[PDB]
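These notes concern the structure reproduced below.
Note: ideal-geometry Cβ built from the backbone for every residue, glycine included; neighbour counts use all protein chains shown. FYI, it's all coordinate maths here, none of it is from the lab.
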Amino acid sequence: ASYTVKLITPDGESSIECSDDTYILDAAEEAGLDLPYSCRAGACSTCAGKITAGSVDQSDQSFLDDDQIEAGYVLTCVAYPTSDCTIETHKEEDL
Ligand code: FES
């Protein structure tokens, strides 16, 4: 399956198509957007986003604690979409 991912950045709002087996960051880069990252391995907060609608599979994330997850934080570099979703990007500073 493929999902529509709406991305709300500090510049504005976009929507990209992202397969269920593509990470959200990778999908965003393919489209041509410039979202933040460092490790690309789920071990930092560089790529942090906040999901407001929809769901992901971020099973390989290892940086966010349970409360940060509850609040909607996602590590876009290891997050696959599992539905159409909306993710506010550039959220590291929240952490
Ligand atoms: S860039 Fe480090 S967790 Fe995504």
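Sorted ascending by nearby beta carbons within 10 Å, beginning with the fewest, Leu95, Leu33 become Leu95, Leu33. Only Cα pairs under 8 Å and 6+ residues apart enter the sum, and on that basis the relative contact order of the chain stands at 37 percent. Considering only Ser62, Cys85, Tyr23, the residue lying farthest towards the positive end of the dipole of segment 17-85 is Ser62, judged by Cα position with unit charges set on Cβ. Projecting label points 7 angstrom from Cα along Cα→Cβ for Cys44 and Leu95 puts them 1.0 nm apart.
Rounded to the nearest 20, the Cβ-based charge dipole of the chain about its Cα centre (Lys and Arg +1, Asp and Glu -1) stands at 60 debye.
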